Amino acid sequence: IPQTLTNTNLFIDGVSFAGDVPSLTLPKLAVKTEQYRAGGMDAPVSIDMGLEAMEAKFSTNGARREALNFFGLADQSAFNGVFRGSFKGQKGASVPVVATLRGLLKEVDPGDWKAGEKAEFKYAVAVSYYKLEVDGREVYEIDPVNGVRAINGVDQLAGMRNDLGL
Amino acid sequence: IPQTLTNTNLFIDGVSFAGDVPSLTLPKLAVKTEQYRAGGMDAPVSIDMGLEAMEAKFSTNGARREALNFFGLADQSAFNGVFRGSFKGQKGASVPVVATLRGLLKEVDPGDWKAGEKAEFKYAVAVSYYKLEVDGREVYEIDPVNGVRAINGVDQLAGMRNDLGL
Amino acid sequence: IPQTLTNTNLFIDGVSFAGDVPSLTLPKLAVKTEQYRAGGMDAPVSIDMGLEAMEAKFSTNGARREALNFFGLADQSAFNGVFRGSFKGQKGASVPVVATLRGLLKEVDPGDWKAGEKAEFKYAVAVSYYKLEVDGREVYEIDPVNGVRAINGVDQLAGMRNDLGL
Amino acid sequence: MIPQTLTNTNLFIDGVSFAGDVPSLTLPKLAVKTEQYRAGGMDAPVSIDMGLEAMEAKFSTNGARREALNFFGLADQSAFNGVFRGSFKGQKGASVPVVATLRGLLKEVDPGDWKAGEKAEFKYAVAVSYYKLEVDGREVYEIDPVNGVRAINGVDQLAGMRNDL
Amino acid sequence: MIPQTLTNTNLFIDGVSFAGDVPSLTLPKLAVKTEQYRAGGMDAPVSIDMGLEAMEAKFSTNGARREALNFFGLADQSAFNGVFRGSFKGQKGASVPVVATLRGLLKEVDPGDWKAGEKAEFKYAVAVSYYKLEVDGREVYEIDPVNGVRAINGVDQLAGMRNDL
Amino acid sequence: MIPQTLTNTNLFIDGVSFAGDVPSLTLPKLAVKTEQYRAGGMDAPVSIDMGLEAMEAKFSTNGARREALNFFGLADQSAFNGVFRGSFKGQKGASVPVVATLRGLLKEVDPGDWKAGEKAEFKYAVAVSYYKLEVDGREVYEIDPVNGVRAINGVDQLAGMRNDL
Amino acid sequence: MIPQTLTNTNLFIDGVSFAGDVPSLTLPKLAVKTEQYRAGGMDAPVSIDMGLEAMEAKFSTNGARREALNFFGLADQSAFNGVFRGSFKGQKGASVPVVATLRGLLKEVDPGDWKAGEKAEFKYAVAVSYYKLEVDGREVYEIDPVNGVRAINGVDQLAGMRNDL
Amino acid sequence: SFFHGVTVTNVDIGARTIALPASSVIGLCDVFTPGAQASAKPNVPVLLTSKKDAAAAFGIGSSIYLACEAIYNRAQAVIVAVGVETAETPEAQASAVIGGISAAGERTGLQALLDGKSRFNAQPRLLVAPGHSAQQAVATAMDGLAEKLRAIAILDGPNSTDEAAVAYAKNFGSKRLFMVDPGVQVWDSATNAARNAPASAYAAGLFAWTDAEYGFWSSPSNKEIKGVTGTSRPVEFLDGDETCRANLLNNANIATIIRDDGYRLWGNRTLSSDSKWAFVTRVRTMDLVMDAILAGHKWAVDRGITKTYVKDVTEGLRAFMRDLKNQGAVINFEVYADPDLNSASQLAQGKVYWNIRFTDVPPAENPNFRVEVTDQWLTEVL
Amino acid sequence: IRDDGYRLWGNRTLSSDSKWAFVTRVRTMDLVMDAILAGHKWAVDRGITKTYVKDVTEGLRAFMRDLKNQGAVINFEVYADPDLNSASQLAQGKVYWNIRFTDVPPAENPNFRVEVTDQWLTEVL
């Protein structure tokens, strides 16, 4: 069934942004591949080295003071945050995609104020904790603190934590 | 409530630029993140290293001599400056966004004079002191001299100044 | 009052270019900032290191031989030059912007001759002496030889010339 | 053999875990002390197994860890112990616990260039007085300097030198 | 342990603060003087705690500070004192004051390459005659060269060497 | 303290000004000659104020300056004098004149690689026989090698060594 | 002084001109042989004019020049002569002819890495037995090693050393 | 008047051991004499910071300060300490240390420890009354005040033998009581002799010490005691399942003191008839992970229930529990909203439910070492 | 106090008011204002625009943050007086600000509480 995004939303502390956020971006989850070609093989094989640095953009076209007051404060991972998105589909009922993203607020980039255009305050979140849910059930859970990278319920770093004595 | 910029303004010494400034840019406040991945974690965690260098563009399409006479003079942080912006919103009454930006005037870039187009004198301010206000109350106060990085009233560098003996 | 460029002109030796120069560019006066962050501060403060290298483009869509004969000759700062521009404004009377630019002619770039388009001989001047005037009175005077960087009449390098014994 | 490589690491000092601190390790360079034996008749000089070199285990720390700075220059040797751990994942996910229990003396502390924006590093160095490497669960190296037990693959090689004479 | 690292620094010379001046520090490299002890019977040479090396504390300054240039080559040692301070923030904002009170002799001043556009640097060097590192509020190191008190974690390690003999 | 740094420089040789010539300076590295004093009872070696090192002042020139090349290898020492000047601007424009009057012997001239397109450089070196640094208007250093006057902050430190004995 | 710098260069070997060949020069490093004189009473060691170092003039060539390779290792010294020339333009076009007539022995020829695509270079070296630098038309240096005439600015400095004794 | 310049005084102060972790608070109650130097009214609570204001609020020779010096010898915590006027008959003294609502509108005796918060911002989690806990009627009022306060109430025993201390612990079993029977005798500098301290303040200063760096999840059952000498009765642990004096008292759920001169504490288990709440750690962890949550959730009460109100706090309960796993307080947990108890009829009266099912670290009360002397590596000796 | 006219010794003015006792508070209140009133030769007989009050109360702060930088004051507050500023006061040129600050108290009495203990006597063994 063809399925496409229809609406988005953004919560921080339960403070809703109903008609305030035009664009938001989930973090690009990229695994750290290194092209490994040893002796006895012609092509490189990529290998896991953990994940990359997660990075979450979102944007607001107005000064809200609920997204501005979480920039650069001394408590890292104080921006709690919830990215929501409803994927409708062709046959009626939708599928909710909920992601919570506990990190620090990296930058605030107000663009050019050209007196007759949109404000477009860029934001960026340096994600520490990340948990993607699709249709009310867990897909991802990324927290490098304690190392609990989990795919659809099972924990993929359960092997190394017994190896590292964690 | 949907809220968007409508009008901008620029004061320097109380010298108004009412119909003179087409575009102006607040400084991109970016915290200095360094991707920290130590042992016992798969993903990097970003960490505060203070802020980046603040940088304020504004523009004027005419030779005014009030914005030109503050370039490159020996007193750094003599360009006092006020960036103003009125965010209207859907339901009538507006929200003023006032930022004062005390730094040096970094560059003056008059573009191509093509005899029938706009002049567009680019300016750039190397911001030392920065103080963002939304709806008449304080949001930010950035001065690295004495280290008084303050978010919504409380001072986030109050811990380190007791640590560094400042 | 809204004010915008209307007409430009270019003199070299009094040799007028009335209908000859489509585009001309004043030098981007940029001060040499270096992001200084010492101990006891979270953000860098930019600092003067003198100015950058001034660079003046102008263009001609025909072979004139008055702009070509000043290229690459052994007397540096022999191209004397005058950039003129009349800024009209809404309420009638204009404001003249006169800049004299004594430097060497850096490059001559005739573009693609495509047999039915404009010639567009690019020029570039490596500016040694620069003096910007707005409304008949002095704004800038930039000559690194003897170090006489002057903003609206007063000389900003008067302090260092007593320090360096100049 | 499936391709394996290091993915993550860990470090223990006297029981406590540096589970968010260490960016770098260095297990001690095991190197045999070779004497060039060329003699009458023979062409190229051979190198002879004649003891090991000085073992020294660097490790590094980005923060002021009181547990690491406690063990510098103590009057008793082998008061520092330290345990270095690695995890080698393989191509099919079979992670292999490489644990190296050393028991040396902490030798050198240099907090380097404390620039403002740049992160700081506390390089450490350990004068290793005992070393024991385990690849999966089996004991590969067991280096006693002060005792006469150099165990390679669980069998003492110094004991075999005494039976030959 | 939460990840901590250096964010900002400071420097005092005889009370006055260099609150906008210093781009760089170097606390003195604490290094024990090791003598390679291999003997009859033992395989690898052990390294023995036999005193510390020469402590030396570099710091750097971009401007002509009369307070820093005053203390070069004075006829009395420990006229220079100096206090080096750091602040390690943690992951939850718990900043940790690392203060290192040294009392050495100022050893070396080299204003380097005075290029025109490039900023200048005055590298300094301090022949350290006293060193005292404090991680949070507690005294970790206290190095008396001229006295017989090498205090690691508040207890003298040189005093324990005299009770053993 | 407001942040200050070098912005421009200048150089005089026997009165005439090199006001468009010199791209580089080096004031002489003031360094005390330290002898490692560790003895019976004391743990770490202290370093002792026991005289200064060899002062040497590099400067550089892009063109053939007859005024600079005149003073190489003259039969009289201190015929070369030279005056090195700097200007440190501060954050509020308060420029501070750092002037260093030396009176050494010119030691070394090497016109380096004369490539065609690349600019040439004439590196110079001055065997400094007198040095005198002034930060703002006040005399910080005054180094007499051949005389017994090492003045730090205007007071002679070598004279204080004779009163102590 | 107007800013001047090197723009172009030239090289003569025994009359013929290398007018399209040489990419690089090196005039010989004029350096005085200094002996550190510190004594009783004096604080810092002074450096004394006590003769010049070994002069050596590198030059380089991209092609096989028979005129340059002819003079390697001849049985007579000063059969090689060589003349190195430069041109320093100034800011107002006043070009200044820097000519350096040396008369040394050619010392070293190394055709380096003859890679295929990369151009080749024949580095040369000249054991200089006579040196004479002229800045504009006037004779600045005239270095006789084998004779007792070290002429700086046209006056012999070694002759003035004999009148002082 | 005033003084200009340096005025060098001459005082008497002790060690600079006043460094205060604000982790555990102690509720104390004992008799004293309200003299002129004791600036404290009898039935009111007084917050104490160190020995310097424990000597200012109460006298030196008062029985408060003898039971308050023992706490600050080990841990420099803060103490919500109430006093009581001494009495003639021991029944009226036992009735006064309990107290109650017999004032006009105040609480007296132990009941004034319920006024810890909203007077001092310190709700006492450690309840002691040294000497008075040996009485039955005081310990029952010590019992019932602990379930009202979610606290560990440290009891005592008599000075007599082990049989009369086991019999004192049989009638209890109410999951909050921690009994330490051996009378700790301690040297003093006043009369130069050995006193007999009733063992409560030493365990109270030890519970507050192990929360400073070992955490509340850890067990204080092999920890050291400072400022101490021997016990009134010897009690030792030996092995072989004989009549050990320690094992006879551990099986009666009573803590002892084992090594030389008051060197260790020995009890893991509360007086609890329920087998689930045996250990002191499970009773403390269930009581001290909730105030670590209910503080940090001063919100989520009287706010107003939106659509994602339940979701935004059950993701905040997880975030305030993952750091407890990070600091080693718990082993793996689960926090989820209760699906069937949450309904639309419960929202109209403000009732919302969650499930914070977790587990805790069990204290290793019995490390068994199975050991023999083989003859396997005898061929190594050749 | 000391030998041959070596020191001066007074901190306090002749003042019956207990607030203005020290010489430092009387000098600081009199010498931070000429450090402001010079540097504000303007903001008098200029002409009151809409942001006239705002552009000088951000200039009073900027000429007070450097006083905190050089250690002249401890933390201040500068703000326009909301209730005294009115439209009737603008017609006669009267405008009001509040420059409430604090100052460093001179340490006239450093007390050193000192005894001779016998605590570190076990160090001598």
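Regarding how it was determined, this PDB entry cites cryo-EM in its header, along with a resolution of 3.5 Å.

The name the PDB entry gives chain I is Sheath PA0622, with Pseudomonas aeruginosa as the organism. For this entry, the PDB title field holds "CryoEM Structure of Pyocin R2 - precontracted - baseplate".

In the nomenclature of the PDB entry, chain D corresponds to Tube PA0623 from the organism Pseudomonas aeruginosa.

To continue, consider the overall build of chain D. Per the secondary structure count, chain D includes two helices and 14 strands. Reported as C-alpha extents along the three principal axes, the dimensions of chain D are approximately 65 × 45 × 30 Å. Taken across its 165 residues, chain D has 47% of its residues classed as buried. Of all intrachain contacts in chain D linking residues separated by at least 6 positions in sequence, the fraction that spans at least 24 positions is 56%.

A few words on the interface of chain B and chain C. In this complex, chain B contributes 45 residues to the contact, which on the side of chain C involves 44 residues. Together, the buried faces of chain B and chain C total about 3700 Å²; carbon and sulfur atoms form 57% of this surface. Contact with chain C buries area across many residues of chain B, yet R65, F71 and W113 of chain B alone supply 22% of it, more than any other trio. Counting across the interface, chain B meets chain C through two salt bridges. The partner of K28 of chain C in a salt bridge is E107 of chain B, and the shortest N-O contact between them spans 3.5 Å. Element by element, the count of residues in the side of chain B that touches chain C is highest for strand β8 (residues 95–110) of chain B, at seven residues. Of the residues belonging to the side of chain B that touches chain C, the class tally is 21 nonpolar, 11 polar and 13 charged. Sheet analysis places strand β9 (residues 112–113) of chain B next to strand β2 (residues 24–25) of chain C, joined by two bridges and oriented antiparallel. Bridge pairing in β2 of chain C places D112 of chain B opposite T25 of chain C.

Attention now goes to the sheet that holds strand β2 (residues 16–17) of chain F. All names here are of chain F. Spatially, β2-β1-β8-β9-β12-β13-β14-β15 is the arrangement adopted by the eight strands of the open sheet, whose pairing is antiparallel. The open sheet has two edge strands, β2 and β15 (155–156), and neither has a second partner. Of the pairings in the sheet, the one linking strand β12 (residues 131–134) to strand β13 (residues 139–143) comprises four bridges and is antiparallel in character. The residue of β13 that forms the bridge with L133 is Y141.

Okay, the state of the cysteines next. When the sulfur atoms of two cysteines share a covalent bond, that bond is a disulfide. For the structure on display, the rule yields zero disulfides over all chains. We note that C29 of chain H lacks a disulfide partner, and the nearest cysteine sulfur, in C68 of chain H, lies 13 Å from it.

This paragraph deals with unusual backbone geometry. Not every positive phi belongs to a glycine, and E120 of chain B is a case in point at roughly 60 degrees. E120 of chain B gets classed as partly exposed once you look at its relative accessible area, which sits at 24%. With a phi angle near 55 degrees, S78 of chain F is a residue other than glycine that sits in the positive phi range. Relative to the elements of secondary structure, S78 of chain F occurs in the loop between α1 (66–69) and β8 (83–88).

Turning to the arrangement of the chains, a few remarks are in order. At the level of C-alpha atoms, the two units chain E and chain G stay apart, their nearest approach being 12 Å. In this view chain F stays clear of chain H, with the nearest C-alpha atoms of the two still 30 Å from each other.

A separate point is the pattern of salt bridges. Side-chain pairs of opposite charge can arise whenever the charged atoms involved come near each other. If you walk through the whole model with that rule in mind, you get 74 salt bridges over all chains. The residue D20 of chain A makes a salt bridge to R64 of chain A at a minimum N-O spacing of 2.7 Å. Placement of the pair is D20 of chain A in the loop between β1 (5–11) and β2 (34–36) and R64 of chain A in the loop between β4 (55–60) and β5 (82–87), with a sequence separation of 44 residues. Here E53 of chain G makes a salt bridge to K33 of chain G, at a shortest N to O gap of 3.0 Å. Here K33 of chain G lies in the loop between β4 (30–31) and β5 (36–37) and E53 of chain G lies in the loop between β6 (46–47) and β7 (56–61), a separation of 20 residues in the sequence.

Let us now look at helix α3 (residues 52–69) of chain I. Here α3 of chain I contains 18 residues, and its C-alpha end-to-end distance of 26 Å stays within 8% of the 26 Å for a straight helix at 1.5 Å per residue. Those residues of α3 of chain I not exposed but buried are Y52, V56, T57, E58, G59, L60, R61, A62, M64, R65 and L67 of chain I. Considering only its buried residues, α3 of chain I is in contact with β8 and β10 (121–134) of chain B together with α2 (34–37), β1 (73–74), β2 (79–80) and β3 (97–98) of chain I. Looking one or two residues beyond α3 of chain I, the residue adopting positive phi is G71 of chain I, at roughly 80 degrees.

On to the sheet that holds strand β9 (residues 96–101) of chain G, then. Strand order in the open sheet formed by eight strands is β2-β1-β8-β9-β12-β13-β14-β15 (chain G), and the pairing between neighbours is antiparallel. Each having just a single partner strand, β2 (16–17) and β15 (155–156) of chain G make up the two edges of the open sheet.

Contacts between the two partners involve five residues from chain F and, on the opposite side, four residues from chain B. In this assembly, chain F packs against chain B so that about 350 Å² is buried in total across both faces, 44% of it on carbon and sulfur atoms. Put simply, chain F and chain B have zero salt bridges between them. Grouping the amino acids of the side of chain F that touches chain B by side-chain chemistry returns no nonpolar, three polar and two charged.

Inspection of the entire model under this criterion finds 55 aromatic pairs over all chains. A centroid spacing of 4.8 Å and a plane angle of 15 degrees characterise the contact between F58 of chain B and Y123 of chain B, whose relative ring orientation is stacked. With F58 of chain B in strand β6 (residues 55–60) and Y123 of chain B in strand β10, this pair connects stretches of sequence that are 65 residues apart. Owing to a relative accessible area of 2%, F58 of chain B belongs among the buried residues under this scheme. Residue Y123 of chain B is classed as buried on the basis of its relative accessible area, which comes to 1%. Where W114 of chain E meets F88 of chain F, the ring centres are 5.8 Å apart and the plane angle is 70 degrees; that geometry is what we call edge-to-face.

Analysis parameters
- Positions are assigned from 1 on a per-chain basis following the written sequence, which can diverge from the numbering of the entry; residues without coordinates are not listed.
- Note on labels: chains are lettered from A, ligands numbered from 1, in written order.
- Because the shown chains make up only part of a larger assembly, each value pertains to the shown part and nothing beyond it.
- Remark: hydrogens and water are excluded; side-chain values derive from all non-hydrogen atoms of the structure.
- Helix numbering and strand numbering both begin at the N terminus, where a helix is a DSSP run of H or I of at least 4 residues and a strand a DSSP run of E of at least 2.
- Whether a residue is buried, partly exposed or exposed follows from its accessible area with a 1.4 Å probe, protein chains only, as a fraction of its type maximum: under 20%, in between, or over 50%, in that order.
- Note on contacts: a residue pair qualifies if any of its non-hydrogen atoms lie within 4.5 Å across the two residues.
- Once two parts are joined, some of their accessible surface, as seen by a 1.4 Å probe, is lost; buried area is that loss totalled over both.
- For this analysis, a salt bridge means a side-chain nitrogen from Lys or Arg found within 4 Å of a carboxyl oxygen belonging to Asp or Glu.
- Charged residues are taken to be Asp, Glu, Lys and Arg, nonpolar residues to be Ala, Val, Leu, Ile, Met, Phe, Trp, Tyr, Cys and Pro, and polar residues to be all remaining types, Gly included.
- Any two strands with at least two DSSP-identified bridges between them are counted as paired.
- Throughout, a disulfide means two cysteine sulfur atoms within 2.5 Å of one another.
- Multiplying one less than the number of residues by 1.5 Å gives the expected span of a helix.
- Stacked, tilted and edge-to-face are the three classes applied to pairs of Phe, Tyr and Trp rings, where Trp contributes its six-membered ring and a pair requires centres within 6.5 Å; stacked means planes under 30 degrees apart, edge-to-face means over 60, and tilted covers the rest.

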